[PDB]
């Protein structure tokens, strides 16, 4: 199985497996199939939400690209291909992370001639429009750096509604938009609708995304496949979820959306689950309108059971903690996050995706009905598997014994450390009476993540995990110990710009732990940093002493948090967690850049096929992985692209 697909620009395309899909019942596979069809129909929505020109630009380049009769080896065509591949990845013409508009690496004269050489019937022309007129419209949008420069602008002194290229507002100023929703809100409402979540605000009124409204060509298709899924629901709770979601798309009512989210949160038992709707509001500079996304999934039973083994032993880990007894909870309950297996990704989860989903967003629904927080095990596993043999550990790990141990156990003990951090680490320990939870002020997040990390590091090495059948042998933890220390002392510097220091809380907490252990172990050479041929390597000489030092730092940090010791917190962060050595930074960056590893990853989907008999009865559902990036993007643009090119 090849987890890697291709690499271009600053992007690497991966694939993921869908483990145990074939173990589902046929009726379950059929439900997954329909839900995945409902997911794939939404792609055009996101393109249009990200920019009123995006579908025209995508479709124009697609028509040029697939019908090009010229020299495909020439630099202009190769650069146009890279640009189109970035547009597919980013669901528009802006960087999916940085928000800045792409710079075409090809000439306007080249594109003009390629466009004129394409059959006009294949171009996204409005009725009566010519190819020259389409070019006059779109070329400034693509080529002029001053036009629509940022998809989301967060700069002062500017009308962000007018200086953001996303397409949630049209012909309306920022103050008009902020005031529209400031006035709509009702502060007396204990169960408020999510005002403005599902509409374009235009001139002042809302154009709601719904059947018979804006984007209806795609929403009608989503609803069609959801109605199919409704007929094969696993149980009545899940069926009620699907039925209400259909109603939300048919009416556009935000009260229906709240009703759906309540039913969704109550559907906790079903093997299969999904998201399909206007969900997260990061694409709006005002944080009101939500981009469309979908995910279809089923519970990873083995992985969930493993996290439940950790959760059910919360009290054992608490009792045996190295922290002072006065900081220990007498009764602690562990909460396990379920692990899900993603069957397909779409919209703002595709191709750049998440490793966890925590929904719904409405705080009152979360407070009074609950929530679903899950991690996506097969996406995490694909990230991990794709990295094996990529040259990174070959370049940076001190010796072949470590490289082999990490290759064998690194993925397992890494995920176990995460499970310990997330399911028990933050929940462990208590403050003393009268201590302010905010006593550590700006250092609180760094110290709190260090605390959870140390809890996980201290216990991933415990023989208890062998007894509990979570690790296959007592040596495995050394893989996680080595990579944690290598990352925290040295190799995370690849994320720091030249001349800068450590700023982000997790990066700080990792350097804090590693540098502290390094300092305290130095008289015994517990950890060394050694140079060979001018390259630095982290060398770990006594893993047992590292465990004891992790435990000692855990006790000190627990003390700092539970007593509100701001000066102690500040001393640890400022002395260990911030300063970057310039020589080490440059050395690590030069070694890393030679590896040609792309900084951003995204995934292509598998392909599902419905097998039916003569009379249309389903006889099987198969999943296949033999499609690459170009193929899948073109197939989606051909078969799952129901929106008109202009959505006004």
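Positions refer to the first chain, counted from 1.
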task = With residue 203 and residue 204 adjacent in the shown sequence, let me know how many deposited residues between them lack coordinates: none, 1 to 3, 4 to 9, or 10 or more.
result = 4 to 9
message = Please compare 99 to 107 with 427 to 435 and name the stretch with the higher mean C-alpha B-factor in the deposited structure.
response = 427 to 435
request  = Higher average CA B factor in the deposited record is what I'm after, so tell me if that's 117 to 125 or 328 to 336.
outcome  = 328 to 336
note = Listed options 393, 536, 194, 511: highest C-alpha B factor recorded at 194
message = In terms of recorded Cα temperature factor, pick the maximum from 460, 527, 262, 229.
response = 262
request  = Comparing against every modelled residue in the chain, figure out the third that the C-alpha B-factor of residue 582 lands in (lowest, middle or highest).
outcome  = middle
inquiry  = Considering every modelled residue of the chain and its Cα B-factor in the PDB entry, is residue 495 in the lowest, middle or highest third?
reply    = middle
query = According to the PDB entry, is the CA B factor of residue 68 in the bottom, middle or top third of its chain, that is, lowest, middle or highest?
reply = highest
key: CA B-factor placement of residue 167, once the chain's modelled residues are sorted into thirds   = middle
request  = Divide the modelled residues of the chain into thirds by Cα B-factor and specify which third, lowest, middle or highest, holds residue 645.
outcome  = middle
